[PDB]
Amino acid sequence: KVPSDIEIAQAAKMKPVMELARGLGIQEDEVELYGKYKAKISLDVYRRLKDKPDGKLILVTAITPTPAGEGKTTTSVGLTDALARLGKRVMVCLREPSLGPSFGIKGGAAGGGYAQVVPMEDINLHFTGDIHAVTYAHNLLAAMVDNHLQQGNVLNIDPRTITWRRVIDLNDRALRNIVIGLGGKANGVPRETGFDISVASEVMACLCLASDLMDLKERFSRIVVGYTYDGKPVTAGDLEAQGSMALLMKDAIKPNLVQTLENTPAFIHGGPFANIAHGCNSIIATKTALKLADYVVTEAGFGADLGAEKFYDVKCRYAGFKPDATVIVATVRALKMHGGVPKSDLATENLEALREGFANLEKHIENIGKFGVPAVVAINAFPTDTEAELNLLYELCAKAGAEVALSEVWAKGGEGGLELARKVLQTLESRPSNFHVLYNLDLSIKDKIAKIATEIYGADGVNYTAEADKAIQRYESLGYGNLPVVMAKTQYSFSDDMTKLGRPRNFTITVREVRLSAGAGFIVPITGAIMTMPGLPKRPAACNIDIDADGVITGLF
Amino acid sequence: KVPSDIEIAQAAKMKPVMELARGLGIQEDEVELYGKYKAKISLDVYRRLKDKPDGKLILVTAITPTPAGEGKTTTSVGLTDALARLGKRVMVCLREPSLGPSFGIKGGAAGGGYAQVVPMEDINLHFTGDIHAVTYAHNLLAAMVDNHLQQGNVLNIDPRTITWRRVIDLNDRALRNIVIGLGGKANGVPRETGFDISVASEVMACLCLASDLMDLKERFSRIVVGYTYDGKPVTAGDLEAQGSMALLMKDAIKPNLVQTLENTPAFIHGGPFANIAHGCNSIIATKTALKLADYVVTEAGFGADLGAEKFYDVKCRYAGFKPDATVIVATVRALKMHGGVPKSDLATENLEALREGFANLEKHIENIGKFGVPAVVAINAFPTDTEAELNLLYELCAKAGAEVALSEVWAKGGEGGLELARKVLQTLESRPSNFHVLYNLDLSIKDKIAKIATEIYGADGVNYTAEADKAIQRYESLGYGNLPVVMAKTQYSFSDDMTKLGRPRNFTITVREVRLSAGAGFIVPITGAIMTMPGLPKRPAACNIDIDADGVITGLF
Amino acid sequence: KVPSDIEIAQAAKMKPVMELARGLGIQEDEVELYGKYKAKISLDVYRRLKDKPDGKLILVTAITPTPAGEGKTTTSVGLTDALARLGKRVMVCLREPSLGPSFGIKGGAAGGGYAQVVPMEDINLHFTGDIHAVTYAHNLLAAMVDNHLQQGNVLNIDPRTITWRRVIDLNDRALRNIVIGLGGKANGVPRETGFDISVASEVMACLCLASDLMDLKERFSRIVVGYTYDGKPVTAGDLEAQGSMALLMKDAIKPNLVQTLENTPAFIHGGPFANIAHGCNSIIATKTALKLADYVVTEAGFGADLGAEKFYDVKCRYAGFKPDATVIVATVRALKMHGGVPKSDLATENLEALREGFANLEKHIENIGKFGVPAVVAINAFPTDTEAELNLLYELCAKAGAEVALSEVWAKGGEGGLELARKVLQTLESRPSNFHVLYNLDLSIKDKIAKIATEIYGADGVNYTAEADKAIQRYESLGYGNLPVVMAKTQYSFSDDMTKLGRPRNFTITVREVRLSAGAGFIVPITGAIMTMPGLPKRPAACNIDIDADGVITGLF
Ligand SMILES: Nc1ncnc2c1ncn2[C@@H]1O[C@H](COP(=O)(O)OP(=O)(O)O)[C@@H](O)[C@H]1O
Ligand SMILES: Nc1ncnc2c1ncn2[C@@H]1O[C@H](COP(=O)(O)OP(=O)(O)O)[C@@H](O)[C@H]1O
Ligand SMILES: Nc1ncnc2c1ncn2[C@@H]1O[C@H](COP(=O)(O)OP(=O)(O)O)[C@@H](O)[C@H]1O
Ligand SMILES: [Mg+2]
Ligand SMILES: [Mg+2]
Ligand SMILES: [Mg+2]
């Protein structure tokens with residue numbers, strides 16, 4: 001009865017975004033078309049509107065996901081469309097989907113059913129070339145580092161201490177660990193290295209936290225690539241790369257204006273994952289939106305223990321933002337998995353499993369409450385959620401003493417979210433927010449890690465491999481102790497162990513390796529077995545993907 | 001009717017070699033036993049006998065071989081035993097068999113049937129530890145080069161120009177091309193390198209050309225391992241390795257006294273291949289023998305185009321030796337292959353194929369004639385050679401105007417070689433020898449290569465990959481232009497192409513790569529597709545090899 | 001001014017070992033000579049003497065070492081000469097020194113000063129070629145594995161699960177992690193691997209545990225080299241290598257007779273280190289010696305936490321030995337270090353530091369107690385040791401209630417060990433032992449690791465990496481949980497952290513990898529950061545090593 005997401009999105013009727021742009025106080029000459037239905041907005045907009053009030057910032061987070069994902073994006077789009085249908089001047093900010101997973105298992109990040117962002121197949125693929133620009137600035141610097149070595153290694157880099165990897169925006173497990181520079185003296189210096197997925201690039205991180213291009217250029221210059229034989233850092237600015245890198249990012253800095261199925265305006269800009277990067281769209285896109293709309297709905301990657309924590313502690317911190325509300329996306333199907341139902345068994349009514357699994361939602365609620373921001377739960381109704389299940393979960397959130405609304409936006413568009421949209425509005429004028437960060441920058445890297453570990457995931461404490469201890473020692477002694485922490489861990493549990501479902505108790509977080517993002521300005525401790533480059537499944541989506549003589553596309557989702 | 005070679009050799013009745021040693025003017029205290037049946041002889045022997053006359057030097061060479069090999073060793077042992085049975089004070093000098101091929105396809109190098117050197121399984125395996133000492137001196141230096149790099153690379157070596165490889169005395173194709181030094185800064189410097197088979201080591205080459213240990217130590221020091229960033233050679237003596245290397249060779253320098261099935265004394269010492277190294281036993285062993293015997297029978301590796309040429313042009317040249325006679329080993333089965341008979345078809349009478357194939361023998365004859373040394377052909381009779389075939393070949397050598405004798409030594413021991421033994425003796429007192437080298441040291445590396453290429457193999461000229469041209473340029477400009485040439489090429493043809501049987505005409509030798517043995521004092525141009533490390537077959541001999549509770553050994557050959 | 005080890009040892013006055021052997025009732029035809037002064041003794045000696053009575057077994061162990069070593073070997077030899085000088089029929093059993101450390105930092109393992117085993121230079125270099133025999137059996141198995149991958153990978157081995165490594169008897173850090181099999185389809189199958197030092201070989205383990213050559217062979221056949229794609233184990237037996245592996249071991253299996261400076265007989269057989277391997281000489285040498293002497297002195301590598309532990313729990317367990325007494329070697333310098341004094345200062349008087357550092361020795365004393373064997377402390381006097389220092393320690397070991405004797409065997413030979421020899425004799429007359437193992441084979445792998453960590457090292461618990469977890473579970477599931485355990489762990493601490501000196505408290509062991517030795521018959525958990533292939537220092541002893549034209553050796557120590 002509901003057709004495939006690509007059928008829906010190829011049948012969308014879109015407004016010219018030059019219109020939407022003008023319907024928002026954006027001058028004809030601050031728009032740069034990419035066809036009729038996509039544009040980039042000048043940063044002169046936010047500059048000229050510098051001293052004007054902000055609208056209401058709404059974050060959308062979720063519970064602990066299955067591989068299918070639980071509907072933040074779908075919801076965020078839905079919520080925005082619903083608010084438009086109560087006549088509000090609203091905008092949704094989102095992340096650009098990584099190209100890789102569209103050919104893997106997760107698919108794109110445009111939403112679902114009647115809550116989608118269109119032109120969906122442009123959004124999921126090349127979109128407007130932002131990720132490509134990140135990839136080329138990133139890999140440019142890498143080429144220059146390798147050329148430095150070849151051209152007599154003037155700065156005396158120890159090639160075996162180079163942390164700068166390369167990137168490609170595909171799921172390519174064969175490029176995790178590689179030796180390059182082979183073939184003899186004409187062909188470079190042999191060394192061990194590898195690729196991360198482009199969206200996890202520090203270059204993207206910079207895009208996402210910078211305020212303008214000149215700042216991006218300054219940040220690029222601070223990026224640390226390796227170390228000399230006697231341990232002194234070597235930066236991109238030592239290698240004089242920041243100018244070219246910036247040049248390659250000349251258009252990528254400007255955010256992108258698309259729209260929803262119901263013609264509501266949308267910014268898409270930046271796309272770092274939350275398990276392996278900071279999980280928010282650009283600061284640039286959200287500060288702009290907030291000068292142009294009254295309500296700005298925005299998403300953080302994966303669960304509340306990842307994206308929400310990072311949204312609050314890194315992005316909101318660097319931006320000045322004060323979230324007004326937070327929506328917590330929950331599903332019956334996932335809360336059931338969390339209570340012991342097998343993945344292949346999730347479409348079957350199971351009410352006990354929804355009482356048991358609830359622990360998960362409960363901790364996410366408690367954790368958001370910790371930031372001082374009023375929450376609403378949103379029940380994302382799935383095709384096969386039953387009558388009782390949907391009734392029980394509702395009652396558990398009110399019994400839990402927390403705002404809640406059913407959301408039928410997947411199946412019904414914005415009018416699936418009016419209930420939800422009111423409750424959020426109710427929240428805005430009734431419970432003001434009192435946001436504050438989880439931790440002060442002061443603290444040791446190790447104390448900061450322990451605050452997240454215990455306050456958010458609920459472990460007893462934090463294990464450190466000796467490689468981690470050295471790295472941290474090195475980062476504190478060089479004067480980067482102040483930076484905040486972007487944790488890498490599995491999205492599938494509060495723990496660093498992906499098998500531990502629900503609210504797991506009495507465990508340890510094992511920090512394997514610690515990275516320094518001197519340009520983005522944060523520290524990345526890698527926990528558990530998480531990789532910074534994902535792989536493809538037995539049957540990649542790519543095998544079912546196609547296009548025809550008419551431009552009809554199948555298998556994209 | 002003839003039992004397996006290992007049955008024969010385990011049933012040998014051996015004299016105590018301390019006896020044989022004394023039966024030769026060797027003092028009780030110049031012998032170092034390794035059991036009753038193997039010893040090492042002091043170099044004080046040759047030193048004290050410095051100014052005493054030499055005996056007659058007899059070389060044993062052959063035609064172009066099949067994979068089975070054509071019987072030089074078997075013959076050399078046979079010839080020696082036959083001469084003993086005409087009451088002569090004779091000794092045979094041979095090469096130590098490489099361990100690797102005993103587990104591969106060729107097997108050992110102790111001889112065959114009733115012409116063998118015993119204790120055969122000691123000779124084929126660890127023998128007296130000479131090859132192990134080469135391997136450890138060689139790999140010691142390699143370890144020190146790698147440690148130099150790790151310890152701050154004081155001499156400024158460009159690790160990508162290191163020519164020093166590692167060695168192991170096995171047929172291990174997986175170690176041809178390897179990257180080592182991986183795992184990060186605590187674990188070395190990544191680089192591309194590999195292993196050659198121990199018997200092809202420059203360290204062995206040195207053993208084989210040195211006169212005493214102090215000379216070996218001096219030669220070790222001249223070995224060139226790599227080059228600095230600005231192209232200056234780096235030597236083992238720069239790295240101060242020659243003392244330890246020499247130390248590891250303290251016993252390996254002394255030659256080994258074993259004996260034949262018929263109790264005739266034997267020296268075994270050094271074992272470089274002839275296709276990929278210089279193909280002679282040590283100078284040390286042959287100069288000693290020649291002070292202790294009246295007739296000294298000695299072997300050069302593979303065909304006359306390889307071993308004989310190198311025996312004359314490198315060893316005899318550096319030693320002073322003047323070969324008195326040369327025996328050319330020929331077989332019907334091989335001359336048949338050379339005339340177009342498939343390998344799986346060689347046990348079947350084929351007289352036309354023996355007239356056609358003869359071209360091969362004819363060129364080897366002409367080539368030896370070129371050195372000014374009187375030749376006898378030896379027909380090594382194989383179990384299935386027919387009556388007519390053996391008759392025809394005889395007549396072709398006399399018709400060819402060249403001395404010839406049937407040799408039944410494989411099946412009958414020394415009394416299979418009396419005919420042969422007389423003809424050689426006939427030769428000694430009737431046709432004096434007038435040996436002289438093929439070329440003067442003066443010449444360019446390139447002229448020297450062309451002399452061998454055209455005079456010996458019969459190609460039109462010599463191709464050079466650009467890598468070869470650079471290397472040669474580098475070796476001439478550093479002042480190693482004078483050194484002689486040890487060619488690497490296939491044993492299976494006069495050409496550098498192994499498929500070209502018989503006397504192939506109008507072809508080119510392609511020199512792929514050129515190596516410098518500054519310690520051994522020669523240049524090694526690698527031609528065709530020949531590797532310096534061989535591989536194992538589909539079913540390695542090793543699968544049929546065993547020993548039992550009694551020490552009965554099967555499958556060694 | 002005791003002359004350097006090498007001057008003493010070259011100046012030695014030895015007896016032919018043939019005499020030495022007759023005086024133990026070994027027959028002429030059971031001795032196989034390697035010079036006048038080395039032999040290999042037939043396994044027939046032990047066999048024929050099977051039902052005769054065993055002598056007293058005495059273990060020599062030590063406290064936690066400095067890098068230079070605290071004198072176990074120096075003491076084992078001394079003790080043995082000292083016993084002989086008390087008119088006792090006594091034999092020392094030692095391990096063949098690994099070759100690489102002669103060129104490294106540690107040096108050889110022939111003893112020191114006037115307590116050495118001889119001929120030193122041989123004993124430390126190629127000796128009788130046992131290690132080479134190990135090296136070639138191990139590396140032929142590795143060559144056959146790679147060849148199998150090349151010839152169709154018929155057994156379906158997953159090349160990336162291959163645990164079998166290569167070996168070489170050098171300190172080569174560049175061979176730790178390597179990529180082999182490169183160069184294309186003719187040159188093998190690319191894979192990650194590396195080299196361990198030859199003495200840490202499973203082949204070495206088997207030699208050290210086996211009873212005869214047919215036993216060795218059977219052990220070989222059961223060695224697991226890696227796994228199929230679906231997880232089945234693959235053995236040397238499946239590849240039919242055990243036959244050829246045994247051939248190469250035909251002589252390695254027989255133990256070696258040498259002697260001390262004072263001409264006491266000596267067995268030297270098997271070389272395994274105690275940090276990365278099982279750290280005792282062969283059962284063969286020990287059990288044989290127990291038939292020929294009334295007293296058999298024998299050493300375990302590094303400290304009691306490694307060597308003694310393993311001697312007791314795997315050697316004695318498998319051999320049916322019940323050790324009779326145990327010497328703990330201790331020095332002022334090592335104890336001073338343990339009480340905080342920096343290495344560069346261990347020459348200088350500091351009674352206080354020695355008092356605090358006593359903690360180390362105390363724990364080792366306690367630990368030996370848990371085995372049921374009476375102990376004597378041997379205080380091995382160094383030239384730097386002051387009067388009051390040797391007195392304090394003596395008084396401390398007495399107050400601690402331990403039998404103690406000052407030892408001057410380094411400087412005085414066997415007559416400097418009479419007091420020590422006296423105390424040992426005293427212990428054997430009055431105080432029988434009630435030897436018991438530390439754990440049963442019934443226990444699980446983690447049970448047995450936790451006992452050794454807990455009761456011996458004084459660890460609070462053990463941590464496992466995911467990979468360690470998996471390998472343990474793999475081994476239990478496959479039928480090997482029953483095996484005893486040979487921990488790999490730093491020698492420099494009771495902990496797995498090499499800087500935690502004295503008697504570290506409240507620490508945990510971390511197991512990062514678990515090897516299976518299915519043919520030796522034990523399990524090897526690797527802990528902390530310890531590598532199974534060591535490195536060469538800033539300045540190798542190699543650089544200082546030399547031999548002259550007279551055969552006068554310098555630098556070897
Ligand atoms: N209520 C729903 N019913 C069915 N499918 C849904 C629903 N909500 C989302 N989906 C689909 O499941 C996937 C997960 O939704 P998405 O918004 O991408 O979640 P998230 O952003 O949390 O990963 C997408 O394919 C989406 O189209
Ligand atoms: N006349 C013969 N009949 C049968 N087999 C022989 C004969 N001569 C040699 N062989 C065997 O064939 C192989 C080649 O002989 P060998 O002396 O090793 O030749 P080369 O030294 O030229 O390689 C050896 O296995 C040898 O025992
Ligand atoms: N009492 C001593 N005085 C001086 N040097 C010694 C003494 N005892 C041993 N040494 C030397 O110190 C090193 C370590 O002795 P060693 O017996 O090898 O101890 P271990 O066997 O425990 O390593 C050797 O070089 C040895 O000759
Ligand atoms: Mg999403
Ligand atoms: Mg031969
Ligand atoms: Mg020792």
Side-chain angles (χ1 to χ4, degrees), chain A residues 142 145-146 148-149 153 155-166 175-182 188-196 224-234 464-475 478 511-516 524-526 529 531-533, chain B residues 143 145-153 159-160 178-193, chain C residues 165 171-180 191-196 276 465 467 490 496-498 510 512-513 526-538:
Chain A
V145 171
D146 292 297
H148 191 68
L149 301 189
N153 195 20
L155 299 171
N156 229 237
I157 301 174
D158 178 338
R160 303 157 302 172
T161 64
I162 288 165
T163 51
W164 202 244
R165 287 159 72 83
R166 270 170 179 82
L175 310 170
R176 280 173 194 156
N177 320 277
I178 69 185
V179 175
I180 70 169
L182 301 177
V189 159
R191 67 178 182 94
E192 311 171 80
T193 177
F195 282 66
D196 292 0
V224 168
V225 295
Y227 302 86
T228 67
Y229 285 102
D230 34 67
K232 318 216 230 262
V234 189
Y464 291 100
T465 65
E467 202 187 91
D469 287 313
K470 274 171 271 169
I472 287 185
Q473 191 181 19
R474 192 158 53 241
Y475 298 152
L478 294 164
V511 178
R512 181 221 310 172
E513 172 193 338
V514 184
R515 288 172 195 194
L516 158 50
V524 193
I526 332 264
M531 307 293 203
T532 59
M533 167 72 66
Chain B
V145 171
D146 292 297
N147 181 66
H148 191 68
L149 301 189
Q150 175 68 8
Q151 304 290 355
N153 195 20
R160 303 157 302 172
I178 69 185
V179 175
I180 70 169
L182 301 177
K185 73 175 146 142
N187 288 341
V189 159
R191 67 178 182 94
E192 311 171 80
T193 177
Chain C
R165 285 155 70 86
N171 292 357
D172 210 339
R173 91 164 56 66
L175 288 186
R176 273 179 194 163
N177 319 294
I178 77 187
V179 185
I180 80 172
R191 71 176 178 97
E192 295 173 272
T193 186
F195 272 73
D196 294 335
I276 52 166
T465 49
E467 35 276 287
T490 179
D496 68 3
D497 167 7
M498 67 164 257
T510 308
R512 75 159 202 273
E513 179 192 343
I526 300 85
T527 68
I530 200 187
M531 297 316 289
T532 67
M533 165 50 84
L536 281 169
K538 163 62 200 169

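Below, chains carry the letters A, B, ... as their sequence lines are ordered, and counting in each starts from 1.
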### Message
Quick one: does any side-chain atom of B:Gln150 pair with a main-chain N or O of C:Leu536 as donor and acceptor, under 3.5 Å?
### Response
no

### Summary
Interatomic distance, CE@C:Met531 vs CD1@C:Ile526, rounded to 0.5 Å, equals 9.5 Å

### Query
Between C:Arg512 (side chain) and C:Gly528 (backbone), is there a donor-acceptor pair under 3.5 Å?
yes

### A:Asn153 and A:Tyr229: CA distance, side-chain angles, deciding distance, side-chain contact (heavy atoms from CB on, under 4.5 Å) verdict
CA-CA 11 Å; A:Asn153 195 20; A:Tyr229 285 102; 4.2 Å; yes

### Message
Check whether C:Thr527 reaches the backbone of C:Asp496 with its side chain - one donor and one acceptor, N or O, closer than 3.5 Å.
### Response
no

### Query
Side chains of A:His148 and A:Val234: closer than 4.5 Å at any heavy-atom pair?
no

### Query
Can you list the residues that meet the side-chain hydrogen bond (donor to acceptor under 3.5 Å, both in side chains) rule with C:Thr465, with sequence neighbours excluded?
none

### Query
A:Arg160 side chain to B:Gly188 main-chain N or O, any donor-acceptor pair under 3.5 Å?
yes

### Query
Nearest heavy-atom pair of A:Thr161 and B:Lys185: which atoms, and what distance?
CG2-CD, 4.2 Å

### Query
So, the side chain of A:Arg165 versus the backbone of A:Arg176: is there a donor-acceptor pair under 3.5 Å, distance only?
yes

### Query
Do side-chain atoms of A:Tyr464 reach the backbone of A:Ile472 as a donor and acceptor pair under 3.5 angstrom?
no

### Worked verdict on B:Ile178 versus B:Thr193 for side-chain contact (heavy atoms from CB on, under 4.5 Å)
CA-CA 5 Å; B:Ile178 69 185; B:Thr193 177; 4.1 Å; yes

### Message
Taking CD in C:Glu192 as the centre, count heavy atoms belonging to other residues, nucleotides or ligands within less than 6.0 Å. Is the count above 12?
### Response
no

#### Entry: Test log, rule side-chain contact (heavy atoms from CB on, under 4.5 Å), inputs B:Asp146 and B:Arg191
CA-CA 9 Å; B:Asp146 292 297; B:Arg191 67 178 182 94; 2.6 Å; yes

### Message
Contact between C:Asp172 and C:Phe195 at the side-chain level, heavy atoms closer than 4.5 Å - yes or no?
### Response
no

### Task
Would you give the length of the straight line joining atom CG of A:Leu149 to atom CG of A:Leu155, rounded to the nearest 0.5 angstrom?
9.5 Å

### Task
Return yes if some donor-acceptor pair links the side-chain N/O of B:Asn147 with the main-chain N/O of C:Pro537 below 3.5 Å, else return no.
yes

### Worked check of side-chain contact (heavy atoms from CB on, under 4.5 Å) between C:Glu513 and C:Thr532
CA-CA 12 Å; C:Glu513 179 192 343; C:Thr532 67; over 6 Å; no

#### Entry: C:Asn177 side chain vs B:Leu182 backbone, donor-acceptor pair below 3.5 Å
yes

### Message
Quick check: do A:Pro233 and A:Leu478 have side-chain heavy atoms less than 4.5 Å from each other?
### Response
yes

